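Visitor: Sharing an experimental structure here, sequence included.
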Amino acid sequence: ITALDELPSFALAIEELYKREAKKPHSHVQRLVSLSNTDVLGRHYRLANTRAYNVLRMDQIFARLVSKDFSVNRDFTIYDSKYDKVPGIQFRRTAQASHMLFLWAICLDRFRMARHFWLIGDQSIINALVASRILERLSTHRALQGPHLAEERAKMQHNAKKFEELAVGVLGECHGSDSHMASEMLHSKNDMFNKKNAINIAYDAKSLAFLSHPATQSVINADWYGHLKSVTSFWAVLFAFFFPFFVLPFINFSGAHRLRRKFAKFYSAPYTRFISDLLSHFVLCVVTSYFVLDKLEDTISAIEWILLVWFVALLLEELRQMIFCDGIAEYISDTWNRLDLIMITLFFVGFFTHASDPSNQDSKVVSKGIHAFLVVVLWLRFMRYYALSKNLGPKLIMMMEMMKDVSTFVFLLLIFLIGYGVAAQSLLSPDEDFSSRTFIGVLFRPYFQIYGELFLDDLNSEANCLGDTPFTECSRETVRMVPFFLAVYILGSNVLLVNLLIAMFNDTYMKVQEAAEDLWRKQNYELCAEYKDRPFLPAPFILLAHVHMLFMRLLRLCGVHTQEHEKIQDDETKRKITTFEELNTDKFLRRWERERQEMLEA
Amino acid sequence: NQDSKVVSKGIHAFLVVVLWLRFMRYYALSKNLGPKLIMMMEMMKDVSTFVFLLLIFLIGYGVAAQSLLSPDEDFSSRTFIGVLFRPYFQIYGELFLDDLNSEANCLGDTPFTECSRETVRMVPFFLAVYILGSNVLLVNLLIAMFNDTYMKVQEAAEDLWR
Amino acid sequence: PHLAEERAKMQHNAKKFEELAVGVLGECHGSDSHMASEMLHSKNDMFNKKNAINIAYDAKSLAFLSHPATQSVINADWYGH
Ligand SMILES: CC(C)CCC[C@@H](C)[C@H]1CC[C@H]2[C@@H]3CC=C4C[C@@H](O)CC[C@]4(C)[C@H]3CC[C@]12C
Ligand SMILES: CC(C)CCC[C@@H](C)[C@H]1CC[C@H]2[C@@H]3CC=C4C[C@@H](O)CC[C@]4(C)[C@H]3CC[C@]12C
Ligand SMILES: CC(C)CCC[C@@H](C)[C@H]1CC[C@H]2[C@@H]3CC=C4C[C@@H](O)CC[C@]4(C)[C@H]3CC[C@]12C
Ligand SMILES: CC(C)CCC[C@@H](C)[C@H]1CC[C@H]2[C@@H]3CC=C4C[C@@H](O)CC[C@]4(C)[C@H]3CC[C@]12C
Ligand SMILES: CC(C)CCC[C@@H](C)[C@H]1CC[C@H]2[C@@H]3CC=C4C[C@@H](O)CC[C@]4(C)[C@H]3CC[C@]12C
Ligand SMILES: CC(C)CCC[C@@H](C)[C@H]1CC[C@H]2[C@@H]3CC=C4C[C@@H](O)CC[C@]4(C)[C@H]3CC[C@]12C
Ligand SMILES: [Ca+2]
Ligand SMILES: [Ca+2]
C-alpha cells in the first residue's frame, strides 16, 4: 500500500511505541483497536495484523471517536530534502511531529508528556479541545470500560477537565491581548482540521464552558451582525426591513455597484433572515387566524389557496431541511421541526376535510374544529423567535426544563382527582346506570375546583335539597357527605400540592438557572449557524429560491458549468495568528505558573 | 351637552388613575415603602416578560375558543371580543363555565352533553390545558422570578433608596 | 485593542481609590461625629465653592452614600436648624 510506504521512519518509531504500548498485558489500546472493526488502511471495510498500529489507522480511530466526518491533513511530503530550503518548513515538521507525539501521549493518557508536546506545538486551543473531547469520549467507550478501568477512566476524566481549563484560559489571554486579533484568529479555518473554523471544533467538543466565554460570544455577535457594524438596535434593523430603499444609503455599513454590494452585504446577514422568518411566521399566524375566524363559504376561498401555496412552500422548506440535514436523527430530535411536522400534517388533514365536500356545513365545522387544534399548534411555533432575546430565552429553556416537575405534579394529583371524582359521582347520583355522563360526573367537576370555581350552588341544585342553608332537609341522609370530601379534596389540592410546586419551582430555578444560560448560549451558536445556513428569501417566495437552487443544482450536475470562488488566507497573516497564539499560549502558561505558586497550600 | 360631559368624565377617569400614581413620590422618605417601591419598579421588567410569555398562549386559546364557541359567523369587533376578553379573566379565578354552557347551546343536565354539534365539546379540553398552563407554569414561575430578583437586588434597592 | 488591560488595571486603581476615602471618613466618624459633620458641610474654595456631598454625587459612587455618617449628615440637613 502506498499510504503506509509514504510514511517516514519517525512514524515507524511512533508505531514501535504503539507496539510497545500494546505489548503490555490487559491493554486498552489493543482492545480499542480490536473493537474498532476497521481496515488496516483506516477505512471501515470491517500482514495487516503486523502493521495494525500504524499512525493513519490511529488517526482514523481518533477521528471516528471525536466527532463525525473529520480527516486531518497529514502532509508527509514536507519531510523531503527538496523542500528543505524553505524558512518555515522546520517549524511545520516540528508541528507535525509534536502533533503525532501529542496524540500518542493523549492515547497513553500521560498528562505531563501531552502538556509538553502541547507546549512545543502550535494551534493549542484546537488541539486541546480535540484532546478534551477525545478524553471525554474515551471514558464512554466500551473497550475502555471494565472492572479495573474505572480509576484510570476517572483520572483520565480529571485530565480531560485539566485540558478543558487551559484552552479557556489561553483564549482569555487572547481576549486580554487583542480582541480584534482574537476575532481574526477564531474565524481562521485550520487546514489540518478539515478546513473548519474552531467554533465548529468547539461545537463538536460540546463543552459549555468554552461557549459561555464572552470573547466567543462577541465573535458570535459579530457573525450575527455580519459585515454591517453593530451600532443598530432591533428597531433600526426592523425599520430597515420595513423601508429598504429609504434606509440603505442612510445606513453605516462595511457608483451603483457599491450600493448593490452594500445591499448584498445587508441581505446576507443571518439576523436579517431572523427578522424575515419571524415576520413571515407572524404573517402566517395572523392570516391563518383570520382564515379560522372567517366563515367558510360553499366554494373554495382565495385565502385558502394562499395558505395552501404558503404551506406547500413550508413543506418544501421542511423537505429542504430534511434533505440537506446533518443526520436524520438530528432532524427528529429538534422539537420545532416536529411541531412543523404536526403543522403540515394537520393542515393536510384540514385541507382534505374541507375539500372532500365543500358544500356540506358539517364537513366545514369538522374542518374548523380540527383547525382549532392547528391554531393552538401554530402559536406554539412562535417560541423559536423568542430565543434571541436576552430575557425570554433562558426562561423558555427553563420552562421546558420545568415541564417535568409539572408532569410529576399531574402524576401526584391524578389519583386524588379520580378518587374524589368517583366518590362525588357516587354520592351526587347513585341508583343510576353507567354511561359517558358517569365519566363526566367523575372527571369534569372536580378538576375545576382546584382553580377557583368550585360549583357549590350547582351541587346544591344537583343535591335535591330545598333548605335555606343549602345542605338541609335533603331526600337522603347519605348525600350530605358531599361537602365533606370536598372539604378534604380542596384542602389537599390547594394547600399541599399547589403549594409544594412553589417549593419545586424555587429549587429547580436555583439549581439550573446557569445551565439555562449556557444552553441558551449554545442555542445561540446553533441559531446563528442555522440562519446563516437558511437562504435569505422569506416563506411566500421560498419556493422561488428553491426553484433557483434546483436550477443551480441541475446546472451543476447535468450541464456542469457552475463554479465558485473561495477566500484564500495569506501565509503571513496565518503566521501572525500563529505567533500571536504562541505569545499568548506562553503568556497564559507563565501567568498560570505565577498564579499556581500564589495560592496558600503550595 | 351631556355627551361632552360624559366624554370629559370618561377621560377624567384616566386622569384620576394617573393622579394617584404620583402619590408614590411621598412614599420614598419612609424606611419601608421606599426600597420596596424601587424594587417594584425594578420588578416591572419581569412582569413585562411574563406578559410577553403568556400573550401567545392567550391569543392562541382565544382564537381556538372563538372558533369553537361560534363558527359559521362573520368577522366583527365581537369576534375580537370573543378572542381576547373571556380567556384573560380565566387565569384570575372567574372562569365563565356556566356562560360557556349558555353559549354552547347544550341542554343536558351535566352541562356538555346532547349538544347541537359534535365538534363543540372540545371547548372544556383546551380550557383544561390553557388554565393548567397559566395557573401552574407561568403563574408559579413568576414566584420563582420574584424570589430570585429580590435576593439579587435588595441591597441595590437600599443604595438607590439612599 | 491594547488599552483593555491598562483600562482594567486602572479600574482596579479606581476601586483602590474608592475604598480608602470611605475608610478615612469611617475614621472621621470614629474620631468625632460633630467635627465630621462640620467637615462635610464645608465648601472647598478650590472645588468651585461646593460641598463634598455634591462632589460625591458627581462621583456617583453608591458605597460612599451608603455610609451611615453621610446618612447622619443627610438627616441633619433634613431636619435643618
Ligand atoms: C391525533 C393527533 C394528530 C392530534 C391532533 C388532534 C386533531 C387532529 C384530532 C384529535 C381528535 C380529533 C377529533 C375526534 C373526534 C371527532 C368527532 C367526529 O365526528 C368528527 C371529527 C372529530 C371532531 C375529530 C377531529 C380531529 C381531531 C380534533
Ligand atoms: C391531573 C389532570 C391534568 C387530569 C387531566 C384532566 C382530564 C383527564 C379531564 C379534565 C376535564 C375533562 C373534560 C371535561 C369535560 C368534557 C366534555 C365532555 O365532552 C366529556 C369530555 C371532556 C372534554 C373532558 C375530557 C377529559 C378532561 C380534559
Ligand atoms: C375518619 C375521617 C373520615 C374523619 C371523620 C369524620 C366523620 C366521622 C364525620 C365528619 C362529618 C360527618 C357527617 C356530618 C353530618 C351528617 C348529617 C347527619 O344527618 C348524618 C351523618 C352525617 C352525614 C355525618 C357522618 C359522619 C361524618 C362524615
Ligand atoms: C392617548 C394618551 C394621552 C393616553 C391618555 C388616555 C386618554 C386621554 C384617552 C385614551 C383613549 C381615549 C378615548 C378613545 C375613544 C373615545 C370615543 C369617542 O367617541 C369619545 C372619546 C373617547 C372616550 C376617548 C377619550 C380620551 C381617551 C380615554
Ligand atoms: C397578556 C395580557 C396582559 C394581555 C392584555 C389584555 C388586553 C389585550 C385585553 C384583555 C381584556 C380586553 C378588554 C376586554 C373587553 C373589552 C370591552 C370591549 O369594548 C372591547 C374592548 C375591551 C376593553 C378589551 C380591550 C383589550 C383587553 C384589555
Ligand atoms: C394529542 C393531544 C391533543 C391530546 C389528545 C386528546 C384527544 C385525542 C382527545 C381528548 C378529549 C377528546 C374528546 C372527548 C370527547 C369527545 C366527544 C365525542 O362525542 C366526540 C369526540 C370528542 C370531542 C373527543 C375528541 C378527542 C379528544 C379531544
Ligand atoms: Ca507553542
Ligand atoms: Ca424547519
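Guide: Received it, and whenever you're ready, just let me know what you need. Residues are numbered from 1 along each chain as shown, chains lettered A, B, ... in the order given. Ligands and ions are numbered 1, 2, ... in the order given.
Visitor: who's in contact with the nearest residue to residue A:466 once chain neighbours are set aside?
Guide: Once flanking residues are discounted, residue A:466 sits nearest to residue A:473: 5.7 Å by CB to CB, 6 or more residues apart in numbering or on different chains. The C-beta positions use only the backbone N, C-alpha and C, and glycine is treated the same way. By CB atoms under 8 Å, 6 or more residues apart in numbering or on different chains, the residues touching residue A:473 are A:465, A:466, A:467.
Visitor: burial measure for the last one, as a count.
Guide: One way to gauge burial is a neighbour count; for residue A:467, by other CB atoms under 10 Å in any protein chain shown, it gives 11.
Visitor: same thing with the first one?
Guide: Residue A:465 is flanked by 19 other residues according to other CB under 10 Å.
Visitor: that older thread, kindly indicate which of the contacts of residue A:473 lies nearest chain C.
Guide: Using CB to the nearest CB, residue A:467 is the member of those that lies nearest chain C, at 64.5 Å.
Visitor: what residues are up against the closest one?
Guide: Residue A:467 neighbours (CB under 8 Å, 6+ apart): A:473, A:474.
Visitor: doesn't it fall inside a helix?
Guide: No: counting by DSSP: H, G, I helix; E, B strand; the rest coil, residue A:467 is not part of a helix but coil.
Visitor: For it, give its distance to ligand 8.
Guide: 62 Å (CB to the ion, to the nearest Å).
Visitor: Now that residue: phi and psi?
Guide: Dihedral pair for residue A:467: phi -80, psi 170, per degrees, to the nearest 10.
Visitor: just residue A:190 next, same as before
Guide: phi -80, psi 140.
Visitor: what's around it, how many residues?
Guide: For residue A:190, using other CB under 10 Å, the count is 17.
Visitor: Is it correct that it is in contact with residue A:122?
Guide: No: counting by CB atoms under 8 Å, residue A:190 sits too far from residue A:122 to count as a contact (10.1 Å).
Visitor: in stretch A:357-377, what counts as buried?
Guide: A:358, A:363-377 (16 or more other CB atoms under 10 Å in any protein chain shown).
Visitor: Could you single out the nearest of those residues to ligand 3?
Guide: Relative to ligand 3, the closest of those is residue A:376; by CB to the nearest ligand atom it sits at 41.8 Å.
Visitor: so the closest one sits in a helix?
Guide: Yes: under three-state DSSP, residue A:376 sits within a helix.
Visitor: So is stretch A:278-298 next to chain B?
Guide: Yes: contact between stretch A:278-298 and chain B, assessed by CB under 8 Å from any CB of the partner chain, occurs at A:289, A:290, A:292, A:293, A:294, A:295.
Visitor: returning to that earlier point: please tell me how far the residue nearest to residue A:466 sits from residue A:19.
Guide: From residue A:473 across to residue A:19, the span is 99 Å (CB to CB, to the nearest Å).
Visitor: Likewise for residue A:161?
Guide: Distance, residue A:161 to residue A:19, by CB to CB: 31 Å.
Visitor: Would you mind listing what in chain A touches ligand 8?
Guide: Within reach of ligand 8 by CB under 5 Å from the ion, chain A has these residues: A:321, A:337.
Visitor: Contact residues of chain A facing ligand 3?
Guide: A:477, A:480, A:481, A:484 (CB under 6 Å from any ligand atom).
Visitor: Apply 5 Å and report the result again.
Guide: Within chain A, the positions lying close to ligand 3 (CB under 5 Å from any ligand atom) are residue A:480.
Visitor: Name the residues of chain A found near chain C, please.
Guide: A:176, A:177, A:178, A:179, A:180, A:181.
Visitor: Farthest-apart pair in the residues you listed, please.
Guide: Across the residues of chain A next to chain C, no pair lies farther apart than A:176 and A:180, at 12.9 Å, counting by CB to CB.
Visitor: Those two: which has the busier surroundings?
Guide: Per other CB under 10 Å, whichever of residue A:176 and residue A:180 has more neighbours is residue A:176, with 17 against 9.
Visitor: secondary structure element for the more buried one?
Guide: helix A:150-177 (DSSP states H and E).
Visitor: mind listing what's buried in the helix or strand following that helix?
Guide: For helix A:150-177, the following helix or strand on the C-terminal side (DSSP H and E) is helix A:179-186. Residues A:179, A:181, A:182, A:183, A:184, A:185, A:186 are the ones in helix A:179-186 that count as buried (16+ other CB under 10 Å).
Visitor: helices or strands up against helix A:179-186?
Guide: If you count contacts as 3 or more CB pairs under 8 Å, 6 or more residues apart in numbering or on different chains; DSSP states H and E, helix A:179-186 packs onto helix A:150-177, helix A:198-205, helix A:214-225, helix A:571-596.
Visitor: try 6 Å
Guide: Packing contacts for helix A:179-186, counted by 3 or more CB pairs under 6 Å, 6 or more residues apart in numbering or on different chains; DSSP states H and E, involve helix A:214-225.
Visitor: The next helix or strand after the helix it packs on: how far from the chain's middle?
Guide: Tracing the chain C-terminally past helix A:214-225 and defining elements by DSSP H and E, one meets helix A:234-242 next. Relative to the chain's own centre, helix A:234-242 is displaced by 27 Å; criterion: CA atoms, centre = their mean, to the nearest Å.
Visitor: Tell me how far the nearest residue to residue A:38 once chain neighbours are set aside lies from residue A:36.
Guide: Distances taken as CB to CB, 6+ apart put residue A:44 closest to residue A:38, at 5.1 Å, once the chain neighbours are dropped. Going from residue A:44 to residue A:36 by CB to CB gives 8 Å.
Visitor: Also residue A:413?
Guide: Distance, residue A:413 to residue A:36, by CB to CB: 52 Å.
Visitor: again with residue A:218
Guide: When residue A:218 is compared with residue A:36 (using CB to CB), they lie 40 Å apart.
Visitor: Have a look at these two and say which one is more surrounded.
Guide: The residue with more neighbours, out of residue A:218 and residue A:36, is residue A:36; 19 against 16, by other CB under 10 Å.
Visitor: Quick one: classify the residue lying closest to the more buried one once chain neighbours are set aside as helix, strand or coil.
Guide: Nearest non-adjacent residue to residue A:36, counting by CB to CB, 6+ apart: residue A:61, 4.9 Å away. Using three-state DSSP as the criterion, the local structure at residue A:61 reads helix.
Visitor: what about residue A:61, neighbour count?
Guide: Neighbour tally, residue A:61, other CB under 10 Å: 19.
Visitor: same deal with the one 3 residues further on?
Guide: By other CB under 10 Å, 16 other residues sit near residue A:64.
Visitor: Which one of residue A:161 and residue A:19 is surrounded by more residues?
Guide: residue A:19 (16 against 13).
Visitor: is it true that the more buried one touches residue A:52?
Guide: No: using CB atoms under 6 Å, residue A:19 makes no contact with residue A:52, being 9.2 Å away.
Visitor: Just give the number of residues close to the closest residue to residue A:386 other than its chain neighbours.
Guide: Using CB to CB, 6+ apart and skipping the chain neighbours, the partner closest in space to residue A:386 is residue A:392 (4.0 Å). Residue A:392 sits with 17 neighbouring residues when counted by other CB under 10 Å.
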